[PDB]
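Listed below are the residues making up each chain.
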Amino acid sequence: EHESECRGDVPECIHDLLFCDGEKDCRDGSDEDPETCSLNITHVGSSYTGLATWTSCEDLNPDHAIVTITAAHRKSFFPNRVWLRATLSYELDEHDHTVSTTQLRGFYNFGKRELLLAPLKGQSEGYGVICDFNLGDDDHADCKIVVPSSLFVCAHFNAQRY
Amino acid sequence: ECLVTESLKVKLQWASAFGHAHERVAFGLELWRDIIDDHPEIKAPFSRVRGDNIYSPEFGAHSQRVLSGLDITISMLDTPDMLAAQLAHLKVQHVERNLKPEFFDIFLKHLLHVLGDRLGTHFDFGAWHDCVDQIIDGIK
Amino acid sequence: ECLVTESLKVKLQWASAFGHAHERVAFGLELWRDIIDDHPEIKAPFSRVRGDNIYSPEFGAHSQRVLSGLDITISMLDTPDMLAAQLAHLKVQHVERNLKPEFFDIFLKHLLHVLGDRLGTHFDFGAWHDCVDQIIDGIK
Amino acid sequence: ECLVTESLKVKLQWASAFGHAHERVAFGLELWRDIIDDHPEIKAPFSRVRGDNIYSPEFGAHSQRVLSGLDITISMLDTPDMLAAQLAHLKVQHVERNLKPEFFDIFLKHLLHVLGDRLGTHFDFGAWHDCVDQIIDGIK
Amino acid sequence: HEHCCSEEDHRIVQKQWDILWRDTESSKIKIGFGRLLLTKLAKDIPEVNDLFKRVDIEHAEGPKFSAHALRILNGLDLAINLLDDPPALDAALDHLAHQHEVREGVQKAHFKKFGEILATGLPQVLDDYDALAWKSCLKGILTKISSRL
Amino acid sequence: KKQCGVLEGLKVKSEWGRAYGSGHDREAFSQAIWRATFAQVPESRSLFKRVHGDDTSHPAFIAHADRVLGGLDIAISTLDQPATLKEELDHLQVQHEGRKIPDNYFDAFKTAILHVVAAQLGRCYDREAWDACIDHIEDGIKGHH
Amino acid sequence: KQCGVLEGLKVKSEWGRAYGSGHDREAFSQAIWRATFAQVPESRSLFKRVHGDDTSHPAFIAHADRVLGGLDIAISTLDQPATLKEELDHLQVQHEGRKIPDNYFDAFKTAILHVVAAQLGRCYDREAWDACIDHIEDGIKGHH
Amino acid sequence: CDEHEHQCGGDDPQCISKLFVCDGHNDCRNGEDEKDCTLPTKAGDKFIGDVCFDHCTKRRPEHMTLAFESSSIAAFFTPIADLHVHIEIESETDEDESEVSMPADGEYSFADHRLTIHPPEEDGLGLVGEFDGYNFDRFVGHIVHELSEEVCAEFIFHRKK
Amino acid sequence: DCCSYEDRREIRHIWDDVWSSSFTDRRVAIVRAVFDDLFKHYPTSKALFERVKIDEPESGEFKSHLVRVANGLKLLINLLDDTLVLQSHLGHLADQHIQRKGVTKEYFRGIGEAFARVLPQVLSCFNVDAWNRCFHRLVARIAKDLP
Amino acid sequence: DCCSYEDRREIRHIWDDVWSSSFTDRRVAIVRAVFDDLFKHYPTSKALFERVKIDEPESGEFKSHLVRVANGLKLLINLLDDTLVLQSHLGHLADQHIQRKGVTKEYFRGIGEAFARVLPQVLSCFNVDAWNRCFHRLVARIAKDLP
Amino acid sequence: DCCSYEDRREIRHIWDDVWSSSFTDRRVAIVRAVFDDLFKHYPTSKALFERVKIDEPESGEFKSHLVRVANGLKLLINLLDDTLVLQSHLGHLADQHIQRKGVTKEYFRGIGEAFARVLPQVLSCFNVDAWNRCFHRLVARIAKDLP
Ligand code: HEM
Ligand code: HEM
Ligand code: HEM
Ligand code: HEM
Ligand code: HEM
Ligand code: HEM
Ligand code: HEM
Ligand code: HEM
Ligand code: HEM
């Protein structure tokens, strides 16, 4: 834990702050290749989805849930991370089709390939979301809504992209 | 002060900690090994079952017949009428042997001991300790 | 002989074996159950907390207030000045009740007992046994 | 009554429960801790090895030399001739110190105790208890 | 080619050495644990007492000296956590020796004691450890320091 | 900003423990800071000609960076005692004083630590809290307010 | 070159690891013979009484275990030079009643080596094994 | 399968002991254990690995090379076919540009597709090759303390073309 | 209003960040700032606690007060995974506050805010809503039988 | 020279192959061959050990000597995962060799080879380098205070 | 005929379905129907068991008979995973049946059928072959001599 194996022929195990750096830290220099730097996943406006099961809170019965990325910035001097903002939205089931809408911020880590977000502050029903893109393509995921303190797993939804 | 609600609980907790099969024998032999270390004289009457060495078989057999008795007792402990009948038949088996009335009062002290470790902090001592008395007095 | 180093070690080992939450209560009740089996008279003073049956609640509550005290003691055990202050306030609570000075010396014997099983062979007896004395004497 | 078969079994069971390495020391120190809680006087002769505190090292060292002895004994326990030779040399080491003949008879009682928990219900008490006597008498 | 201080050993060291700092704050730990190591040195070799005049060793709890006790353990700490990846460590310690060089009146035989204090001092403050391992590594740290003296 | 806010003083004291970790990740956590800094101020490398600061992956330099964190660990370790801090901190003054450091640089090295900490740390920390405390240390080494 | 009374017990230990428990033993047997017959095609004639035409027939499997079973006794005891010579001498009168050239059980020697190596954990000393079983071979032949 | 047994089944599993693969005749009722007797590694073949991680430190090399003097087949009984192999390692340090090429002898087993190298030096480091079984351009083989059976250092070898 | 469950796990982590140490340097400085924030809004209460030499902010005694407040407060929390042992220890801790004079039911509802007032500034991730909900049902069970 | 660590695990397996049994038949025959190999190069030492009836190779006594050498030697090894209990038991085992006459510092450095010349013929996989390194630091700590 | 092994696991589940409870309502009604089925084919046996007031089907006593039959019968089963403790407890249970009058070696072989005719109505999945085979070797040994 706290490290991410490289992408190539020969697996090494390199620390997470050294990807997309602008210096080769591997054997083969996997860290410079566009098979890794590709930003296709956090381009603004992308949105993930897939109905969520809730185990821990709200017990709402499975209903759709989307994540969306409202604005992304990558600072020229510390290219290791992509800082970004989002809005989680999931369907409360009352009578009419309705949705509560959290609002988020967080970073995207090229190592883990996993973006992780958190509730902003003074926002109703403060949740956070952890999406791991460890599958092959840059689409699909295995996310989970969590409580921001414990990283305890509130609701697990395996999400795709349209 | 027992026999109702406070009795019912003893049944449920008897089910759990008492275990099953090879785990049952290991329970019984872990009981007697308590009291014989405490009160060395108690092994005098067991010369019939070769209570020389408790770990030997044939005593292993005995001590299980013992606990099996508590099953009959504790199992019927709800219905008061039929309870005395077994308690009646039980005492008869203990009339013809040399006992002291203090060994009984000793027994329940060291039995509720061993259930402590397996149940940790969870149970009503009050429920057991008083409701094992209703079993023990019928033997006098 | 209690010093800056040999005291420090007691803190680290207090953290580990003492545990947390439901594991803490299970620790306390496992302590008293040692001494009451050894020295039966000790349960006389506890008639206030219903120390009739230790497994009952309200004693469970008590014994945790007890251990919590050692935390306050052992936690500040580095700074010598402020140590005596708690030791001063602590003794006051024990003035008004019937004790013997030998029960204290008994207590530390059976406390360092239970830490044995959880720590196996790893610790300094010398560090504990002497540095619990600096806690115990302040109560006299 | 010790012979041939009933001896052989003690060897096999000595292999298992006695363990190895860090598990061995933990076994020895778990033995003495039994008897010293039972018979407090026994720690008088150990002032040479700092038997003040058994958990301290240098006693840890000692108690392992002890058990190692039983290995030599029990290992050769088949061939009767060479057995006495070690038993002969062994007693010599115990001549020059203050003992009671009752401590020996006490020792085997509390040794076969600890093997109980690790072997549960499986072993021949008769085999051990009698065949440790053939070791113990050679020391008198 | 060095056999001494093999790879597998210092993994044990770092694990055991980290058991102390599992606790938060910890500033007060290594102030205190550092305050003992220098005083307990002065009561063996009295000569060295003169050397610490600039930091005012005369005050044990004194603030001006306390801040010096941190930087010795902290300086030792980075040495241990850097044991892996050797070629850096050589440079790391080299810079300490030169730091002790410009200071005058520091005799090589002092460290030989300071090891014996610490080698028998350490076993009091830890839960478990293999003395054989620590013996190997601390010969590495100490012997390489003073190589400028 | 806040004057160290003696409560908030220990806020960062706790967070820092979680970020600056055990194991060889620390050596990696160092590399981040510097690789970040030099990209803001290309000509600051001139000051390190003595430590082989041309290339940053060279072993001789790695040692240099640990002492830097090692040193800074001491600072954040003690914001409780205003005496010992001023003593320990004052030491650092005479370290840097013997050479020319513009007030521009260690303003940027401030920006560097923030970003790196955020990434390394568990998604939650208060910037304005951190911003004050390390800036107090920066006012320290500069020698004058 | 000799039984080298230390080295005597070397193979005694190794053999225990190779000749195992369970039904692999029955398989470990098959190897030896399937190896042997491929070196000496016409040696099958000697087994006409045990149904040695085909080697997978049940009646033959029994035969091979006794062979290992027998050989286990040999390697089991190289400690006591008395009991060995007693037990071994028994095998002499077993084979003596029929014609076994000195060529064959030279090949059956080569057979066991290879099979053991495969079956065993990548470490053993050939020249150690080579001596000990050859001592047994000098045994059954009846004269050295 | 069970323990030392080997799994021949293509579509209808049949469990057979390890000593009958490339035995010389049909034992698996599929017939799928005799297809494979062609040996993959021919003399002159040269494999070069790159390091994965290394704790068994003689020279802790960057990457090491492996060549075949000669394969050979014991005629009569051939599940196992012995090998001569050089192991070349071209080191570099502060001082020296040292070299090494220790000869050893292993065996390749058609059974579980592993090859072995018996310790070249007295240090007791066996090299345990393992192919996947269908590839033979690369193997993930890694070094082992011959006495203790413990994974110490891995390398990923490739064939050179 | 319903401590519920999840709120308790929320607490047990929050409390583990502030309480983590074997030293008392941190646990003191935090709780002292609670009352230091309390007295600013109810200076009348400061007339009480005279027994402990309140007027000295850094006394060799006053610490020995706050220290027992924490270890008492921390004693509550470590029971939340096991109830029914809370009530007993709750009722006890209540009666120790009725044996004196000058403890107003109004003061407790004050310190409820005092943590919410300034407890965040120590931590980073913090749930105000949770800590505020499960804390009343602790305190509103101390002021029940008290004026 | 630095027992290190991995060398000790190397030992613990090597020693487990020779020592594995509840019978003494094997443990005897191995250690007896150690001294039988020793005396061939230092016949002078054979003048010592007269107390144990050395002159009889198969005595009902002499075995009872070598047996205690093993169980003493095996007692060392099973401490290597736990040090600090070694020194104590090391210093003890040292003093039992100074109370007699005819024990030369030269003899220990001899038997160091004695295992190495004839220890393997019993095992198959064996590390000479390891067993030889960690064995001196055992023996070179017995001959310290002895002539 | 060879209790074997698998047959015993077959039993242990079968017996676990009938015996599962802490109440005696079920265990009684099942075993009572065993003898109630027995007496219909051997009315002569009913002349025995007069000591227990057999004449009353519903007695406050008669139950206290059948209850001990079960707990005795159930005591057998829970030993089948551990033998050698069976024989001892088997031989004991035998001798308690020779101390009285009227034991028909013939009646034991009768009740062997009695379960086989009154089991398959309480459970669903049931193995007649298994329960019938391992039950004789119990009864065939409690009627070892005669009676
Ligand atoms: C606490 C409840 C007790 C129950 C339910 C109980 C029950 C029984 C039972 C069922 C038997 C065997 C009857 C048979 O085999 O047919 C028995 C025998 C025996 N019980 Fe108990 N018993 C109890 C307490 C005690 C105690 C405290 C002792 C103390 C030593 C004791 C000593 C014996 C002895 C010696 C026998 C053997 C009689 C013989 O061999 O003839 N029992 N008991
Ligand atoms: C070893 C260190 C000890 C500490 C730190 C300690 C601490 C305390 C504390 C904090 C209380 C309760 C004060 C309160 O609830 O306000 C108390 C009560 C009590 N202690 Fe101890 N104690 C210790 C040893 C002992 C021992 C050995 C005994 C032996 C019987 C004892 C008997 C009691 C009793 C009976 C009470 C009950 C007072 C009551 O319920 O009114 N204590 N102790
Ligand atoms: C049961 C089998 C026992 C064996 C095989 C045994 C064996 C030995 C051995 C081998 C030594 C040390 C010789 C040496 O280091 O060179 C020794 C010393 C000692 N034994 Fe035992 N012992 C046994 C039982 C006991 C018991 C029950 C006691 C009870 C107190 C005892 C007390 C001692 C003492 C005090 C020493 C120390 C002698 C000294 O240091 O001067 N032993 N024993
Ligand atoms: C064992 C590891 C040791 C380490 C890591 C160490 C580290 C340090 C460091 C880094 C300094 C310089 C602080 C600075 O540059 O601001 C220092 C100063 C000093 N050390 Fe050490 N030291 C060690 C052992 C010793 C020993 C054994 C002695 C004396 C016997 C010693 C005597 C001194 C003295 C006299 C100073 C002068 C400080 C001053 O002038 O204020 N050191 N040490
Ligand atoms: C919080 C901020 C900083 C801290 C705590 C800090 C601390 C330190 C420390 C502890 C050393 C070690 C001195 C030694 O061991 O000899 C050092 C060396 C050094 N620092 Fe910094 N430093 C900081 C910022 C800076 C910045 C921003 C620069 C330049 C842009 C700088 C330039 C240097 C140089 C050049 C050295 C090495 C001087 C030499 O090799 O002689 N520092 N610093
Ligand atoms: C180390 C080598 C050998 C050993 C230990 C050995 C041992 C034995 C044993 C124990 C038997 C059992 C006879 C019985 O149970 O009645 C036997 C039978 C037999 N052996 Fe061998 N044998 C060896 C080599 C050979 C060789 C090389 C041949 C032939 C080329 C051979 C041919 C036979 C035959 C034909 C029988 C069966 C005779 C009959 O059924 O009447 N053996 N052997
Ligand atoms: C909010 C949670 C609180 C808890 C858990 C708590 C708990 C305690 C405890 C355990 C003691 C020590 C009792 C003893 O040593 O026997 C104590 C003392 C005291 N508490 Fe509190 N307390 C709290 C709040 C308050 C508040 C808000 C006030 C007043 C406004 C107050 C006034 C006092 C006083 C005056 C004492 C001193 C008793 C003496 O003079 O010896 N407490 N408290
Ligand atoms: C290499 C490791 C060795 C170990 C671990 C060792 C250990 C021991 C032990 C434990 C005893 C029995 C002591 C007792 O019963 O209290 C013993 C006896 C003896 N050892 Fe060693 N020994 C070693 C090597 C040697 C060597 C090389 C010599 C001489 C060249 C030697 C000379 C003796 C003698 C003479 C005795 C007999 C004591 C007597 O006369 O009663 N040992 N050894
Ligand atoms: C099939 C398995 C049977 C078992 C395991 C069994 C077991 C027992 C047990 C344990 C008792 C109580 C003994 C005591 O309290 O000491 C008992 C009582 C009795 N059993 Fe059985 N029994 C079985 C079948 C039968 C059969 C078939 C008959 C007669 C046809 C019979 C006749 C009796 C009688 C008469 C008593 C009462 C003893 C008395 O009069 O005091 N049993 N049985």
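If you check the header, you'll see the entry was determined by cryo-EM and the resolution is listed as 3.80 Å.

Caption draft 1: The nonpolar core, seen in detail. In this structure, B:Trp128, C:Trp128, D:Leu115 and D:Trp128 are the most contacted members of the largest nonpolar core, which totals 109 residues. The residues touching D:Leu115, leaving out its near neighbours within four places in the chain, are D:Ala17, D:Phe27 and D:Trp128. Core analysis: the next-biggest nonpolar cluster, separate from the first, contains 71 residues, A:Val67, F:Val117, F:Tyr125 and F:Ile137 among them.

Caption draft 2: Main features of a negative patch on the surface. Side chains of A:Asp9, A:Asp28, A:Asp33 and A:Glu35 sit close together on the surface and give a patch of like negative charge. Within the element layout of this structure, A:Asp33 appears in the loop between β2 (13-15) and α1 (34-37).

Caption draft 3: Seen up close, the site of ligand 9. Taken together, B:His89, K:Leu48, K:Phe49, K:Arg51, K:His65, K:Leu93, K:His97, K:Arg100, K:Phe108 and K:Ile111 make up the full set of residues near ligand 9. The site occupied by ligand 9 is bordered by residues of chains B and K. A distance of 2.8 Å separates an oxygen atom of ligand 9 from a polar side-chain atom of K:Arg51. Between ligand 9 and K:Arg100, the relevant distance is 2.9 Å, taken from an oxygen atom to a side-chain nitrogen or oxygen of the residue. For the shell around ligand 9, the elements supplying multiple residues, two or more each, are α5 (85-98) and α6 (105-117) of chain K.

Caption draft 4: Representation of the pattern of salt bridges within the structure. Residue and element names in this part refer to chain F. A complete count under the given rule lists 28 salt bridges over all chains for this structure. We note a salt bridge from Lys 110 to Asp 131, for which the minimum N-O separation is 2.7 Å. Here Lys 110 is found in helix α5 (residues 105-120), whereas its partner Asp 131 is found in helix α6 (residues 127-142), with 21 residues between them in sequence. By relative accessible area, which is 16% here, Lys 110 ends up buried.

Caption draft 5: Structural detail: the coordination of the iron atom of ligand 5. A lone protein donor contacts the iron atom of ligand 5, and this donor is F:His96 (NE2), found at 2.3 Å. Its location among the elements puts F:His96 in helix α4 (residues 82-97).

Caption draft 6: Inspection of the UniProt feature "binding site: heme b" in chain E at higher detail. Residue and element names in this part refer to chain E. The residues that UniProt annotates with the feature "binding site: heme b" are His 100. Structurally, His 100 can be placed in helix α4 (residues 86-101). Taking relative accessible area as the criterion, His 100 reaches 34% and is therefore assigned partly exposed. Those residues in contact with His 100 that sit more than four places away from it in its chain are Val 106, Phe 111 and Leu 149.

Caption draft 7: Molecular detail of the UniProt feature "disulfide bond" in chain E. Residues and elements named next belong to chain E. A sulfur-sulfur distance of 3.6 Å is found for the UniProt-listed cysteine pair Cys 5 and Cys 137, inconsistent with formation of the disulfide (criterion: under 2.5 Å). Tracing the backbone through its elements, the reader meets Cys 5 in the segment before α1 (7-17). Tracing the sequence through the fold places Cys 137 in helix α6 (residues 131-144).

Caption draft 8: A look at a positive patch on the surface. A surface patch of positive charge is lined by E:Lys108, E:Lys112, E:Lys135, E:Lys139, J:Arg137 and J:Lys144. Residue classification places E:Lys135 among the exposed positions, given a relative accessible area of 53%.

Caption draft 9: Structural detail: the packing of aromatic side chains. Counted by the stated rule, this structure contains 84 aromatic pairs over all chains. Each ring, one from K:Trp15 and one from K:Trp19, has its centre 6.1 Å from the other, and the planes form 20 degrees; the classification is stacked. Taken together, the residues K:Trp15 and K:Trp19, both in helix α1 (residues 6-19) and 4 residues apart, mark about one turn of the helix. Judged on exposure class, the residue K:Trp15 and its partner K:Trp19 are both buried. In this structure an aromatic cluster arises from ring pairing among H:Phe47, H:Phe68, H:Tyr108, H:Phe110, H:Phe131, H:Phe136, H:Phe139, H:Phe155 and H:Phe157. Positioned above the aromatic ring of H:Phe20 is the side chain of G:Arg34, whose terminal nitrogen or guanidinium carbon lies 4.3 Å from the ring centre. Of note, I:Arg9 hangs over the ring of A:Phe152, and the distance from its end group to the ring centre comes to 3.9 Å.

Caption draft 10: Geometry of unusual backbone geometry. One non-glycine residue with positive phi stands out, namely B:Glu58, at about 70 degrees. Phi is positive for D:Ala21, close to 60 degrees, though the residue is something other than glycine. Structurally, the position occupied by D:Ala21 is in the loop between α1 (4-18) and α2 (22-38). Residue D:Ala21 is classed as buried on the basis of its relative accessible area, which comes to 10%.

Caption draft 11: Region of interest: the interface of chain E and chain I. In this complex, chain E contributes 5 residues to the contact, which on the side of chain I involves 6 residues. Taken together, the residues of the side of chain E that touches chain I break down into 1 nonpolar, 1 polar and 3 charged.

Caption draft 12: Main features of the environment of G:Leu46. All names here are of chain G. Looking at the element boundaries, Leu 46 is found in the loop between α2 (24-39) and α3 (58-76). Residue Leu 46 is classed as partly exposed on the basis of its relative accessible area of 32%. Distance from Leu 46 to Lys 99, taken between C-alpha atoms, is 8.6 Å for residues 53 residues apart in sequence. Each residue touching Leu 46, except ones within four places of it in the same chain, is listed here: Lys 99, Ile 100 and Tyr 104.

Caption draft 13: Seen up close, the interface of chain I and chain C. Tallying the contact residues gives 22 residues for chain I and 24 residues for chain C. Put simply, the parts of the chain that give the side of chain I that touches chain C at least two residues each are α1 (6-19), α3 (62-77) and α4 (85-98) of chain I. No other element matches α3(I), which puts 6 residues into the side of chain I that touches chain C. The class makeup of the residues in the side of chain I that touches chain C is 7 nonpolar, 9 polar and 6 charged.

Cut-off values and rules
Residues numbered from 1 in each chain as written, not as in the entry; some residues may be left out. Chains lettered and ligands numbered in written order. Part of a larger assembly, values for the part shown. Heavy atoms only, no water. Residues with missing side-chain atoms left out of burial classes, pairs and counts. Core = buried A, V, L, I, M, F, W, Y, C linked by side-chain atoms within 4.5 Å. Buried < 20%, exposed > 50% of the residue type's maximum accessible area, 1.4 Å probe, protein only. Contact = heavy atoms within 4.5 Å. Patch = residues over 30% accessible without salt bridge, like charges linked within 9 Å, V, L, I, M, F, W, Y side chains within 5 Å. Areas by Shrake-Rupley, 256 points an atom, 1.4 Å probe, with all protein chains shown as cover. Salt bridge = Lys/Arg side-chain N within 4 Å of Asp/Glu carboxyl O. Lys, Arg positive; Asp, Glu negative; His and termini not counted. Charge placed at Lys NZ, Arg CZ, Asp CG, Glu CD. Helix = DSSP H or I, 4+ residues; strand = E, 2+ residues; numbered from the N terminus. Near = heavy atom within 4 Å. Polar contact = N/O pair within 3.5 Å; in protein donor to acceptor, adjacent residues only side chain to side chain. Donors = N, O, S within 2.8 Å, 3.2 Å for Na, K, Ca; no water. UniProt positions renumbered as here; feature names shortened; annotations may be inferred. Disulfide = S-S within 2.5 Å. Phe/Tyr/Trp six-rings, centres within 6.5 Å; stacked < 30°, edge-to-face > 60°. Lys NZ or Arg CZ within 6 Å of the ring centre and 35° of its normal. Nonpolar A, V, L, I, M, F, W, Y, C, P; charged D, E, K, R; others polar.

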